[PDB]
């Protein structure tokens, strides 16, 4: 076993660090003045432009598919460096990666070649979005006997017709509310949308993913695709994840990602299991920023006494606790992405590892920031330090990309409950 980093992993970090300090630091001046989420998203566009120019969007796509992604560990290193400085724009890149994911993961070379083309080109500001989440919630989307997804699709002649709404999909409306360059819209197949899901059919068998571009939207009536709102978020205030409504929205059959059913469900699951592991690097960056600020304060400030506050056992204990959390978190992330990439392992082993990573890293990032604030004391509470930003940003992570309580713990529980569950298969091999 090995923990050493290669020259190009070391370079990937140097490059991501450089980008963060030279480019992303300048972003606050532009978005801090805007009146709302959308404007603050729009003021972010030139920084996403620079990220594309630096190859960061191209690096969200595997090498065999024309991108530059060297590995999932390189990816982890990049995300942590970025989120250590400024989640603005950084969150657009990662939201774009998710959106590309069902396409990256399908076994259809011609579909990939067409749809990933803008994203590997090294230019523009193309945006991808995985449109899964809904106003009514999705923790229970695969629950047999339940409502199911409220965005449905039916086949009409040689087209699919989407009806229903999405909420929260990052990047989905695009820069101008005329759409992301690529959106993957997860639908429940229903022939009469006003009929409840059949309580006797397994919900996973009814799942379709329909690709939807700016062109698809142009080719529809204006009212067929409405943005009804843009949530005002506690943190990550520069992202866009609108409330969209599809009313008799027409999509070409050739935009069906694969055959509706368990394969389509499996592509969503694998995309979201991969983000589950990666999202830990986001959490580590944010909490690393809280820890490093507090550490530098504690080593340079006596707080009106006769020694630096790091010499007080209780200040030390908090920073120790922060340190341990960050350390165990990065290890777990790296273990998990490395598990995901191992072709010898059963999916359920990869899935379980990814769930654990998401649950642990996200919950523990929150503790890390709060402890860092407690250690710095009253000064962490005013906006001339980073903490107020960090505090709101960190609380996203346990909630988002499938909430720990409703989704990730339930997915893990389900694997653990199977007869053939091998707890240590990712470590000690399969028995």
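Numbering follows the first chain given and starts at 1.
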request  = Between 254-262 and 131-139, name whichever shows the higher mean Cα B factor according to the PDB entry.
outcome  = 254-262
task = State which stretch shows the higher mean Cα B factor in the entry: 394-402 or 62-70.
result = 62-70
ask   = Reading the B-factor column of the entry, which of 352, 80, 215, 292 has the highest value at its C-alpha atom?
value = 215
request  = Go through 314, 108, 357, 286 one by one and give the residue whose Cα B-factor in the PDB entry is largest.
outcome  = 108
task = Report the third (lowest, middle or highest) to which the CA temperature factor of residue 332 belongs, ranking only the modelled residues of the same chain.
result = lowest
query = Ranked by Cα temperature factor within the chain, is residue 52 in the lowest third, the middle third or the highest third?
reply = highest
ask   = Lowest, middle or highest third: where is residue 27 by Cα B-factor in its chain?
value = highest
query = Sorting the chain's CA B-factors, does residue 240 end up in the lowest, middle or highest third?
reply = middle
message = Considering every modelled residue of the chain and its Cα B-factor in the PDB entry, is residue 170 in the lowest, middle or highest third?
response = middle
